[PDB]
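File shown: final21.cif (mmCIF, C-alpha atoms and all ligand atoms).
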data_model
#
loop_
_atom_site.label_atom_id
_atom_site.label_comp_id
_atom_site.auth_asym_id
_atom_site.auth_seq_id
_atom_site.Cartn_x
_atom_site.Cartn_y
_atom_site.Cartn_z
CA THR I 17 7.96 -31.97 -2.83
CA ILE I 18 6.47 -28.49 -3.33
CA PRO I 19 2.68 -28.68 -2.82
CA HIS I 20 0.52 -27.51 -5.70
CA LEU I 21 -2.58 -25.51 -4.82
CA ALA I 22 -5.52 -24.37 -6.94
CA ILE I 23 -6.26 -21.31 -4.78
CA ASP I 24 -6.60 -18.14 -6.85
CA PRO I 25 -5.37 -15.31 -4.58
CA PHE I 26 -6.74 -12.79 -7.11
CA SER I 27 -10.31 -14.14 -7.19
CA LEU I 28 -13.23 -12.14 -5.81
CA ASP I 29 -14.05 -14.93 -3.35
CA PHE I 30 -10.50 -14.73 -1.96
CA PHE I 31 -10.62 -10.94 -1.64
CA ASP I 32 -13.98 -11.21 0.13
CA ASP I 33 -12.44 -13.31 2.92
CA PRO I 34 -8.75 -14.16 2.44
CA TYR I 35 -8.01 -15.50 5.91
CA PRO I 36 -8.91 -19.21 5.58
CA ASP I 37 -7.09 -19.48 2.26
CA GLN I 38 -4.08 -17.66 3.66
CA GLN I 39 -3.89 -20.22 6.48
CA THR I 40 -4.10 -22.99 3.88
CA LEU I 41 -1.23 -21.34 1.98
CA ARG I 42 0.90 -21.05 5.13
CA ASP I 43 0.17 -24.54 6.41
CA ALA I 44 0.73 -26.36 3.11
CA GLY I 45 4.46 -25.61 3.33
CA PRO I 46 7.02 -22.80 3.35
CA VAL I 47 6.87 -22.64 -0.47
CA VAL I 48 3.82 -23.52 -2.55
CA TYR I 49 3.14 -23.59 -6.28
CA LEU I 50 -0.01 -21.82 -7.49
CA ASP I 51 -1.23 -23.79 -10.51
CA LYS I 52 -3.73 -21.08 -11.46
CA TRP I 53 -0.98 -18.61 -12.44
CA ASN I 54 2.21 -20.72 -12.64
CA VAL I 55 3.96 -18.88 -9.80
CA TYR I 56 5.56 -19.84 -6.54
CA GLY I 57 4.01 -18.47 -3.37
CA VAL I 58 5.32 -17.74 0.11
CA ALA I 59 2.77 -16.96 2.82
CA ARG I 60 4.70 -17.38 6.08
CA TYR I 61 6.51 -14.50 7.73
CA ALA I 62 9.94 -16.16 7.57
CA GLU I 63 9.99 -16.75 3.82
CA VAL I 64 8.34 -13.42 2.95
CA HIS I 65 10.96 -11.62 5.02
CA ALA I 66 13.78 -13.67 3.47
CA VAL I 67 12.62 -12.97 -0.09
CA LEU I 68 12.23 -9.23 0.55
CA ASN I 69 15.75 -9.06 1.98
CA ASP I 70 17.52 -10.83 -0.91
CA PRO I 71 16.98 -8.41 -3.82
CA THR I 72 19.85 -9.95 -5.81
CA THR I 73 18.20 -13.37 -6.01
CA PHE I 74 14.59 -12.09 -5.93
CA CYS I 75 14.76 -9.08 -8.21
CA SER I 76 12.29 -6.27 -8.94
CA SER I 77 13.46 -5.14 -12.39
CA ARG I 78 11.51 -7.94 -14.08
CA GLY I 79 8.35 -6.50 -12.52
CA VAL I 80 6.71 -6.74 -9.10
CA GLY I 81 3.45 -7.87 -10.68
CA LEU I 82 2.68 -11.18 -12.34
CA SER I 83 4.06 -10.05 -15.70
CA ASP I 84 7.74 -10.75 -16.33
CA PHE I 85 9.22 -7.74 -18.13
CA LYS I 86 11.69 -10.12 -19.83
CA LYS I 87 8.70 -11.80 -21.52
CA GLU I 88 6.07 -9.05 -21.91
CA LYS I 89 6.04 -5.29 -22.42
CA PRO I 90 5.22 -3.39 -19.21
CA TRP I 91 1.85 -1.67 -19.34
CA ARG I 92 3.60 1.67 -18.68
CA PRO I 93 7.31 2.58 -18.66
CA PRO I 94 8.90 0.91 -15.62
CA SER I 95 9.09 2.78 -12.35
CA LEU I 96 12.64 4.02 -11.76
CA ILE I 97 12.40 2.92 -8.13
CA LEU I 98 9.82 0.14 -7.58
CA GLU I 99 10.77 -1.75 -10.75
CA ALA I 100 14.54 -1.25 -10.52
CA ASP I 101 17.27 -3.22 -8.78
CA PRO I 102 20.47 -1.94 -7.20
CA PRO I 103 22.54 -0.19 -8.36
CA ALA I 104 20.10 1.63 -10.70
CA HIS I 105 17.57 1.75 -7.84
CA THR I 106 19.93 3.44 -5.40
CA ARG I 107 20.11 7.07 -6.47
CA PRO I 108 16.41 7.55 -7.35
CA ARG I 109 15.64 5.98 -3.97
CA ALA I 110 17.95 8.44 -2.20
CA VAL I 111 16.22 11.38 -3.89
CA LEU I 112 12.75 10.24 -2.85
CA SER I 113 14.09 9.60 0.67
CA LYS I 114 15.23 13.22 0.92
CA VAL I 115 12.06 14.59 -0.68
CA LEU I 116 9.96 12.67 1.89
CA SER I 117 12.32 13.35 4.79
CA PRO I 118 11.89 14.35 8.45
CA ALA I 119 12.47 18.02 7.55
CA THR I 120 9.69 17.83 4.98
CA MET I 121 7.44 16.19 7.60
CA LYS I 122 8.21 19.05 9.98
CA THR I 123 7.14 21.57 7.33
CA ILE I 124 3.81 19.85 6.62
CA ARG I 125 2.79 18.35 9.99
CA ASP I 126 0.90 21.38 11.32
CA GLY I 127 -1.21 21.69 8.18
CA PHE I 128 -1.85 17.94 7.99
CA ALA I 129 -2.96 17.91 11.64
CA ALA I 130 -5.20 20.97 11.24
CA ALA I 131 -6.86 19.37 8.21
CA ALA I 132 -7.45 16.15 10.16
CA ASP I 133 -9.02 18.00 13.10
CA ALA I 134 -11.14 20.06 10.72
CA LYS I 135 -12.38 16.96 8.89
CA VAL I 136 -13.39 15.24 12.13
CA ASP I 137 -15.18 18.40 13.33
CA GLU I 138 -17.00 18.56 10.00
CA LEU I 139 -17.99 14.89 10.16
CA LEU I 140 -19.27 15.30 13.72
CA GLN I 141 -21.72 17.93 12.48
CA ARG I 142 -23.21 15.31 10.13
CA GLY I 143 -23.06 12.46 12.66
CA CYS I 144 -23.80 9.65 10.20
CA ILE I 145 -21.13 9.52 7.50
CA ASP I 146 -19.39 7.08 5.16
CA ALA I 147 -15.97 6.51 6.68
CA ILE I 148 -14.57 5.72 3.22
CA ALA I 149 -15.78 8.52 0.91
CA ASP I 150 -16.13 11.12 3.68
CA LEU I 151 -13.00 10.30 5.71
CA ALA I 152 -10.53 7.74 4.36
CA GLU I 153 -10.76 9.28 0.89
CA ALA I 154 -11.68 12.88 1.76
CA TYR I 155 -8.84 13.47 4.23
CA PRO I 156 -5.93 12.35 1.99
CA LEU I 157 -7.52 14.20 -0.92
CA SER I 158 -7.53 17.33 1.27
CA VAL I 159 -3.77 17.23 2.02
CA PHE I 160 -1.78 15.07 -0.40
CA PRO I 161 -2.53 16.66 -3.81
CA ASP I 162 -1.73 20.06 -2.29
CA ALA I 163 1.48 18.69 -0.74
CA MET I 164 2.44 17.37 -4.19
CA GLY I 165 1.89 20.81 -5.72
CA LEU I 166 -0.90 19.73 -8.09
CA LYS I 167 -3.36 22.19 -9.57
CA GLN I 168 -7.01 21.78 -8.61
CA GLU I 169 -8.29 20.78 -12.04
CA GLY I 170 -8.21 17.08 -12.84
CA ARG I 171 -7.60 15.69 -9.34
CA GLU I 172 -10.54 13.32 -9.94
CA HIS I 173 -8.09 11.24 -12.02
CA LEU I 174 -5.82 10.44 -9.05
CA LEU I 175 -7.78 7.65 -7.38
CA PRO I 176 -8.72 5.98 -10.71
CA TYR I 177 -5.06 6.08 -11.76
CA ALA I 178 -3.93 4.46 -8.52
CA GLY I 179 -6.64 1.81 -8.73
CA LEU I 180 -5.33 1.04 -12.20
CA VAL I 181 -1.69 0.82 -11.03
CA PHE I 182 -2.59 -1.57 -8.24
CA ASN I 183 -4.87 -3.69 -10.44
CA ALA I 184 -2.10 -3.87 -13.04
CA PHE I 185 0.27 -5.72 -10.71
CA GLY I 186 -2.25 -8.55 -10.76
CA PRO I 187 -2.69 -11.36 -13.25
CA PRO I 188 -4.51 -10.70 -16.55
CA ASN I 189 -7.92 -11.22 -14.97
CA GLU I 190 -11.01 -9.11 -15.59
CA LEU I 191 -10.09 -6.58 -12.89
CA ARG I 192 -6.79 -5.88 -14.65
CA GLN I 193 -8.19 -5.92 -18.20
CA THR I 194 -11.00 -3.49 -17.38
CA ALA I 195 -8.62 -1.12 -15.59
CA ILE I 196 -6.27 -1.00 -18.58
CA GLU I 197 -9.19 -0.49 -20.99
CA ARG I 198 -10.21 2.67 -19.10
CA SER I 199 -6.68 3.94 -18.45
CA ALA I 200 -5.97 6.47 -21.21
CA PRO I 201 -7.44 9.68 -19.70
CA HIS I 202 -5.98 8.97 -16.25
CA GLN I 203 -2.55 8.16 -17.69
CA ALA I 204 -2.66 11.33 -19.80
CA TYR I 205 -3.50 13.52 -16.81
CA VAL I 206 -0.93 11.94 -14.50
CA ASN I 207 1.92 12.04 -17.01
CA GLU I 208 1.25 15.71 -17.77
CA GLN I 209 1.27 16.71 -14.08
CA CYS I 210 4.75 15.16 -13.76
CA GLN I 211 6.34 17.92 -15.85
CA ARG I 212 8.22 20.59 -13.90
CA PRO I 213 6.05 23.64 -14.82
CA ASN I 214 2.92 21.87 -13.53
CA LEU I 215 4.12 21.36 -9.94
CA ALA I 216 3.67 24.27 -7.55
CA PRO I 217 6.67 25.73 -5.66
CA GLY I 218 7.70 23.98 -2.46
CA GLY I 219 5.69 20.79 -3.02
CA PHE I 220 6.97 17.23 -3.35
CA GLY I 221 6.94 17.37 -7.15
CA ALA I 222 8.96 20.58 -7.39
CA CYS I 223 11.40 19.18 -4.85
CA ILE I 224 12.02 16.09 -6.99
CA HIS I 225 12.74 18.31 -9.99
CA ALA I 226 15.08 20.45 -7.86
CA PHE I 227 17.23 17.37 -7.15
CA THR I 228 18.06 17.01 -10.84
CA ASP I 229 21.33 18.96 -10.56
CA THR I 230 23.15 17.03 -7.81
CA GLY I 231 24.23 14.10 -9.97
CA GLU I 232 21.73 11.75 -8.37
CA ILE I 233 19.06 12.01 -11.08
CA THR I 234 18.92 13.79 -14.38
CA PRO I 235 16.07 16.09 -15.47
CA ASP I 236 14.57 13.31 -17.63
CA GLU I 237 14.23 11.05 -14.56
CA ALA I 238 12.22 13.55 -12.52
CA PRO I 239 8.82 13.10 -14.24
CA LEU I 240 8.80 9.33 -13.63
CA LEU I 241 9.76 9.90 -9.99
CA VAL I 242 6.84 12.30 -9.61
CA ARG I 243 4.77 9.56 -11.27
CA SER I 244 5.80 7.19 -8.46
CA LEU I 245 4.36 9.53 -5.82
CA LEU I 246 1.17 10.00 -7.86
CA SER I 247 0.89 6.20 -8.17
CA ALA I 248 1.60 5.12 -4.59
CA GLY I 249 1.07 8.21 -2.46
CA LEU I 250 -2.72 8.58 -2.26
CA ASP I 251 -4.67 5.30 -2.55
CA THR I 252 -2.35 3.50 -0.12
CA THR I 253 -3.12 6.07 2.58
CA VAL I 254 -6.84 5.91 1.77
CA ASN I 255 -6.73 2.20 2.49
CA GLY I 256 -4.45 2.59 5.51
CA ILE I 257 -6.71 5.16 7.14
CA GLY I 258 -9.79 3.19 6.12
CA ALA I 259 -8.26 0.10 7.73
CA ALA I 260 -7.62 1.98 10.97
CA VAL I 261 -11.15 3.38 11.16
CA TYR I 262 -12.60 -0.05 10.35
CA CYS I 263 -10.49 -1.56 13.15
CA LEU I 264 -11.64 1.08 15.64
CA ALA I 265 -15.26 0.59 14.53
CA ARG I 266 -15.09 -3.18 15.08
CA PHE I 267 -13.01 -3.14 18.29
CA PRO I 268 -14.51 -0.47 20.56
CA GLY I 269 -12.27 -1.55 23.45
CA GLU I 270 -9.30 -0.37 21.42
CA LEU I 271 -11.01 2.93 20.59
CA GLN I 272 -11.47 3.36 24.34
CA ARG I 273 -7.77 2.75 25.01
CA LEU I 274 -6.86 5.20 22.23
CA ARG I 275 -9.16 7.88 23.68
CA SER I 276 -7.54 7.40 27.07
CA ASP I 277 -4.04 7.91 25.62
CA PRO I 278 -4.00 9.75 22.28
CA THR I 279 -0.22 9.28 22.07
CA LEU I 280 -1.04 5.70 21.03
CA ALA I 281 -2.30 7.10 17.70
CA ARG I 282 0.86 6.32 15.72
CA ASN I 283 1.03 2.72 16.92
CA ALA I 284 -2.73 2.29 16.51
CA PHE I 285 -2.22 3.18 12.85
CA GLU I 286 0.82 0.91 12.51
CA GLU I 287 -1.19 -1.96 14.00
CA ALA I 288 -3.99 -1.29 11.50
CA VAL I 289 -1.42 -1.56 8.69
CA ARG I 290 -0.30 -4.95 10.03
CA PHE I 291 -3.85 -6.12 10.76
CA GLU I 292 -5.41 -5.27 7.40
CA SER I 293 -2.24 -5.04 5.24
CA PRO I 294 -3.81 -2.67 2.69
CA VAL I 295 -1.02 -3.53 0.24
CA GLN I 296 -1.54 -7.29 0.19
CA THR I 297 0.98 -8.72 -2.26
CA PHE I 298 4.00 -8.10 -4.42
CA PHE I 299 6.01 -10.38 -6.69
CA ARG I 300 9.70 -10.91 -7.29
CA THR I 301 11.49 -12.81 -10.07
CA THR I 302 14.33 -15.23 -9.40
CA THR I 303 17.64 -14.43 -11.07
CA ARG I 304 19.12 -17.89 -10.39
CA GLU I 305 18.19 -21.29 -9.07
CA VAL I 306 17.65 -20.87 -5.34
CA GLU I 307 16.83 -22.93 -2.25
CA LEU I 308 14.08 -21.28 -0.20
CA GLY I 309 12.52 -22.98 2.80
CA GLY I 310 13.94 -26.32 1.70
CA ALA I 311 12.48 -25.99 -1.82
CA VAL I 312 14.39 -25.49 -5.06
CA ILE I 313 13.12 -22.70 -7.34
CA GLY I 314 14.57 -22.34 -10.83
CA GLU I 315 15.77 -19.16 -12.52
CA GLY I 316 13.29 -16.72 -14.00
CA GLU I 317 10.37 -17.76 -11.80
CA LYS I 318 7.79 -15.44 -10.30
CA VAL I 319 7.47 -15.57 -6.50
CA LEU I 320 4.30 -14.13 -4.94
CA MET I 321 4.77 -12.71 -1.44
CA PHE I 322 1.64 -12.63 0.75
CA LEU I 323 2.41 -9.61 2.94
CA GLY I 324 -0.97 -9.74 4.65
CA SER I 325 -0.53 -13.42 5.46
CA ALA I 326 2.99 -12.83 6.80
CA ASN I 327 1.46 -10.15 9.06
CA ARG I 328 -0.97 -12.75 10.49
CA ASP I 329 1.39 -15.73 10.72
CA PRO I 330 1.12 -17.29 14.22
CA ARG I 331 4.70 -18.52 13.82
CA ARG I 332 5.69 -14.84 14.22
CA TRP I 333 2.81 -13.07 15.99
CA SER I 334 0.98 -13.75 19.23
CA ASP I 335 -2.79 -13.55 18.69
CA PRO I 336 -2.26 -12.35 15.10
CA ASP I 337 -5.99 -11.99 14.43
CA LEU I 338 -6.47 -9.49 17.28
CA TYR I 339 -6.20 -5.73 16.77
CA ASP I 340 -3.98 -4.50 19.62
CA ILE I 341 -2.92 -0.85 19.61
CA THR I 342 -0.11 -1.49 22.12
CA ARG I 343 1.36 -4.42 20.16
CA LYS I 344 5.06 -4.30 19.39
CA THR I 345 4.50 -3.94 15.65
CA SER I 346 8.14 -3.55 14.58
CA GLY I 347 9.03 -6.07 11.89
CA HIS I 348 5.64 -6.28 10.20
CA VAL I 349 5.92 -6.29 6.41
CA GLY I 350 2.93 -4.06 5.55
CA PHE I 351 5.39 -1.44 4.24
CA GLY I 352 7.76 -4.10 2.91
CA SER I 353 11.25 -4.79 4.21
CA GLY I 354 14.76 -4.06 3.01
CA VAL I 355 15.94 -1.88 0.17
CA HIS I 356 12.48 -1.19 -1.30
CA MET I 357 10.75 -0.69 2.06
CA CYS I 358 8.14 2.04 1.61
CA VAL I 359 9.95 5.31 0.88
CA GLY I 360 6.74 7.20 1.67
CA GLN I 361 6.20 5.60 5.09
CA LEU I 362 6.76 8.86 6.96
CA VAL I 363 3.96 10.54 4.97
CA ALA I 364 1.68 7.55 5.50
CA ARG I 365 2.37 7.45 9.23
CA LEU I 366 1.96 11.22 9.59
CA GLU I 367 -1.48 11.13 7.95
CA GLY I 368 -2.59 8.12 9.96
CA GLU I 369 -1.28 9.52 13.23
CA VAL I 370 -2.96 12.92 12.91
CA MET I 371 -6.28 11.43 11.84
CA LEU I 372 -6.29 8.92 14.70
CA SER I 373 -5.25 11.70 17.08
CA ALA I 374 -8.22 13.80 15.95
CA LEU I 375 -10.56 10.83 16.45
CA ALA I 376 -9.02 10.02 19.83
CA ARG I 377 -9.65 13.55 21.10
CA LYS I 378 -13.01 14.31 19.49
CA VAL I 379 -14.98 11.06 19.09
CA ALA I 380 -16.52 8.92 21.85
CA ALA I 381 -17.93 6.11 19.72
CA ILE I 382 -17.75 4.77 16.16
CA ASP I 383 -20.71 2.50 15.38
CA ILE I 384 -21.24 0.78 12.05
CA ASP I 385 -24.77 1.73 11.06
CA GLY I 386 -25.19 0.54 7.49
CA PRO I 387 -24.15 -2.18 5.05
CA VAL I 388 -20.38 -2.58 4.71
CA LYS I 389 -19.22 -2.94 1.09
CA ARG I 390 -15.78 -4.24 0.12
CA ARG I 391 -13.70 -2.87 -2.75
CA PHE I 392 -11.94 -5.43 -4.95
CA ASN I 393 -8.46 -4.77 -6.31
CA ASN I 394 -5.68 -7.14 -7.35
CA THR I 395 -3.25 -5.60 -4.82
CA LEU I 396 -5.17 -3.34 -2.40
CA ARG I 397 -7.42 -4.55 0.41
CA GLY I 398 -10.05 -2.15 1.67
CA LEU I 399 -13.66 -1.07 1.73
CA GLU I 400 -15.84 0.75 -0.77
CA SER I 401 -18.30 1.94 1.88
CA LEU I 402 -18.26 1.98 5.68
CA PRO I 403 -21.38 3.69 7.10
CA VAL I 404 -20.74 4.81 10.67
CA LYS I 405 -22.31 7.04 13.28
CA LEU I 406 -19.77 9.21 15.10
CA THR I 407 -20.70 10.25 18.63
CA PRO I 408 -18.84 13.34 19.89
CA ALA I 409 -16.75 13.15 23.04
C1 LIG X 1 -0.42 2.93 4.42
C2 LIG X 1 0.19 3.41 3.33
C3 LIG X 1 1.23 2.63 2.49
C4 LIG X 1 1.48 1.31 2.42
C5 LIG X 1 0.77 0.15 3.15
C6 LIG X 1 2.57 1.14 1.48
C7 LIG X 1 3.15 -0.06 1.11
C8 LIG X 1 4.34 -0.20 0.41
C9 LIG X 1 5.06 -1.43 0.20
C10 LIG X 1 4.63 -2.81 0.75
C11 LIG X 1 6.16 -1.17 -0.52
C12 LIG X 1 7.23 -2.20 -0.93
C13 LIG X 1 7.27 -2.51 -2.42
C14 LIG X 1 8.19 -3.65 -2.76
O1 LIG X 1 8.85 -4.22 -1.85
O2 LIG X 1 8.26 -4.00 -3.96
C15 LIG X 1 6.15 0.25 -0.80
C16 LIG X 1 7.07 0.95 -1.53
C17 LIG X 1 6.89 2.24 -1.99
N1 LIG X 1 5.97 3.17 -1.52
FE1 LIG X 1 4.64 2.84 -0.02
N2 LIG X 1 2.96 2.38 1.03
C18 LIG X 1 2.16 3.32 1.63
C19 LIG X 1 2.23 4.69 1.46
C20 LIG X 1 3.03 5.35 0.57
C21 LIG X 1 3.10 6.79 0.36
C22 LIG X 1 2.25 7.81 1.15
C23 LIG X 1 3.99 7.02 -0.63
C24 LIG X 1 4.46 8.36 -1.24
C25 LIG X 1 4.09 9.57 -0.81
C26 LIG X 1 4.52 5.73 -1.05
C27 LIG X 1 5.45 5.51 -2.05
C28 LIG X 1 6.15 4.34 -2.23
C29 LIG X 1 7.22 4.14 -3.19
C30 LIG X 1 7.73 5.19 -4.21
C31 LIG X 1 7.65 2.88 -3.04
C32 LIG X 1 8.80 2.18 -3.80
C33 LIG X 1 10.07 2.27 -2.94
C34 LIG X 1 11.22 1.49 -3.53
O3 LIG X 1 11.01 0.67 -4.47
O4 LIG X 1 12.38 1.68 -3.07
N3 LIG X 1 3.92 4.75 -0.29
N4 LIG X 1 5.04 0.82 -0.21
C1 LIG X 2 3.55 0.52 -3.02
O1 LIG X 2 2.98 0.59 -4.30
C2 LIG X 2 3.68 1.29 -5.28
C3 LIG X 2 3.05 1.50 -6.48
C4 LIG X 2 3.71 2.19 -7.48
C5 LIG X 2 4.99 2.67 -7.26
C6 LIG X 2 5.71 3.42 -8.36
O2 LIG X 2 5.07 3.75 -9.40
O3 LIG X 2 6.93 3.65 -8.22
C7 LIG X 2 5.63 2.47 -6.05
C8 LIG X 2 4.97 1.77 -5.04
CL CL X 3 1.06 5.57 -16.69
#

Would you write out, as structure tokens, the structure that this file holds?
Amino acid sequence: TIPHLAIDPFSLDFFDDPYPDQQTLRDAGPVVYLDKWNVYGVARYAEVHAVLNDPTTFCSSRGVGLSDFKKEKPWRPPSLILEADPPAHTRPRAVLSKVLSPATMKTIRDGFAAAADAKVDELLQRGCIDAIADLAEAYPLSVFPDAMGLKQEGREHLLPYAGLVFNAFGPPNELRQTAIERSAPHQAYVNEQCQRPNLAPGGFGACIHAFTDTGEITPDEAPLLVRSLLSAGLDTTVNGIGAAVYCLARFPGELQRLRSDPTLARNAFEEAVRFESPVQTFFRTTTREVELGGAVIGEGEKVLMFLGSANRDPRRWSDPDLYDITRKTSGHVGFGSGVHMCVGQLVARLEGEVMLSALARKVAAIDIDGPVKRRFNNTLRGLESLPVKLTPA
């Protein structure tokens, strides 16, 4: 009754062009079984949304990667937020919510915007740049480590650590094995920066540690919560901004609309998140037998959610394969949905908005002018290199 498919959603061929296989996954049925990894899969919007919004049945504390923490040791101590269920999830989540709050955004917005404008001005002096290394990576590197309160030395470990975290949600394929083999120096740096004396006053890290006296978290929970921001807070935005620039480079008509109304910047970024879905997948584990989309799934089963596929499901979206900066994007699952929905989404949206605003005001054209190279990761979708020529307005 449940169709069995041999598609490997973690293979390099799939990463290179996931869209045909994602349609096959959606059209085979609401629930599929992936024989390659012995997991259930849901690729339509309806079932992805339903799974995300039932955390009791589809839990996170047994891991949101392939590995079931009831069967295997986690590769690092579990995240106190991503890999926790309510009620243990609730108070750490509230702390991160307040650390990454509107008031925090108000304190950092002017500096984030100035850094975005400065980066675009700098890139316009060069003309021909790599929109990944020189923009999607360089801009978040110029604002987020400082906003965390990190020292200068050792920041080169941040992107390798995040690549490792996101590869480690995947199955035990070569991408995951190689990441773990190389992990020790990045893990050592990241864990050390999580300690209170190593986080500069006023930054996100110090603010987490300051919350350790309200009864929401204890001092021994603060380092792992800093670790969450150092895991998820940089490489996601690199791939979100890279997605937006890649969309604007491919769809010049949308760049022209954005130039004509720079207040569309925030929605242009949100649409890029839906369109590319830089965070492609997460798993849940069933805590009981459950009926989902007419199919019966037993207890203790891994369920793979295709967030990118849900964001392109024609059952939910009109013209899902078109990039449309005025689309009503509310309800997309690129940041998740429900109790675990991205706690950092205000930081991500701030960065994406101010960068797209800078481009909207300063750049007349974005033309791909070199070979495009894709980056392969078990969870992240994005480019390694995006050579573009920027023409000034
Ligand atoms: C475009 C950028 C980003 C995307 C696409 C993204 C995506 C996601 C998704 C899909 C989830 C849901 C996880 C789940 O349901 O299991 C999530 C959660 C999370 N994100 Fe984001 N994220 C982004 C940026 C950020 C930033 C900038 C931060 C921190 C500064 C951050 C920190 C977190 C944390 C800590 C969680 C776990 C929340 C929880 O479990 O309650 N993310 N993110
Ligand atoms: C969205 O991806 C992540 C990755 C890691 C963490 C974490 O370490 O808590 C949270 C979200
Ligand atoms: Cl670690």

Could you tell me how far CA of residue 20 in chain I lies from CA of residue 190 in chain I, in Å and to one decimal?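 Separation of CA of residue 20 in chain I and CA of residue 190 in chain I: 23.9 Å.
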
Here's a test: counting all atoms listed in the file, identify every protein, DNA and RNA residue with an atom at most 12 Å from (-2.1, 0.2, -10.3) in the file's coordinate frame, and state them as a PyMOL selection string. chain I and resi 80-81+91-92+95+174-187+191-196+199+202-203+243-244+246-252+295+298+393-396

Counting all atoms listed in the file, the option among I:167, I:60, I:109, I:377 closest to residue 272 in chain I: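 Looking only at the distances to residue 272 in chain I, the closest residue turns out to be I:377.
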
Which of these residues is nearest to ligand LIG 2 (chain X), using all atoms listed in the file: I:350, I:231, I:188, I:78?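 The closest residue to ligand LIG 2 (chain X) is I:350.
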
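Comparing the minimum interatomic distances between residue 61 in chain I and each of I:260, I:41, I:96, I:370, counting only C-alpha atoms, we find that I:41 sits nearest.
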
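Straight-line separation from CA of residue 124 in chain I to CA of residue 286 in chain I: 20.1 Å.
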
May I ask which of the residues I:375, I:148, I:341, I:68 is the closest one to residue 275 in chain I, counting all atoms listed in the file? I:375

From the list I:274, I:404, I:164, I:144, which residue is nearest residue 225 in chain I when using all atoms listed in the file? I:164

Counting all atoms listed in the file, which residue out of I:338, I:104, I:23, I:126 sits closest to residue 233 in chain I? I:104

Find the residues around residue 17 in chain I up to 10 Å (only C-alpha atoms counted), leave out those fewer than 6 positions away in its own chain, and share them as a JSON list (two decimals) with C-alpha atoms, in the coordinates of the input.
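result04.json, written as the output of this step:
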[["chain", "number", "residue", "atom", "x", "y", "z"],
["I", 45, "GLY", "CA", 4.46, -25.61, 3.33],
["I", 47, "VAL", "CA", 6.87, -22.64, -0.47],
["I", 48, "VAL", "CA", 3.82, -23.52, -2.55],
["I", 310, "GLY", "CA", 13.94, -26.32, 1.70],
["I", 311, "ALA", "CA", 12.48, -25.99, -1.82],
["I", 312, "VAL", "CA", 14.39, -25.49, -5.06]]

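Residues in contact with residue 302 in chain I at up to 6 Å, not including ones fewer than 4 positions away on its chain and judged by all atoms listed in the file, are residues 73, 74, 315, 316 and 317 of chain I.
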
12 Å contact set for residue 34 in chain I, all atoms listed in the file, chain neighbours under 5 positions out, as an MDAnalysis selection string: chainID I and resid 23:29 39:41 59 292:293 296 322 324:325 328 392 397

Do you have the CA of residue 332 in chain I-atom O3 of ligand LIG 2 (chain X) distance handy? 29.1 Å
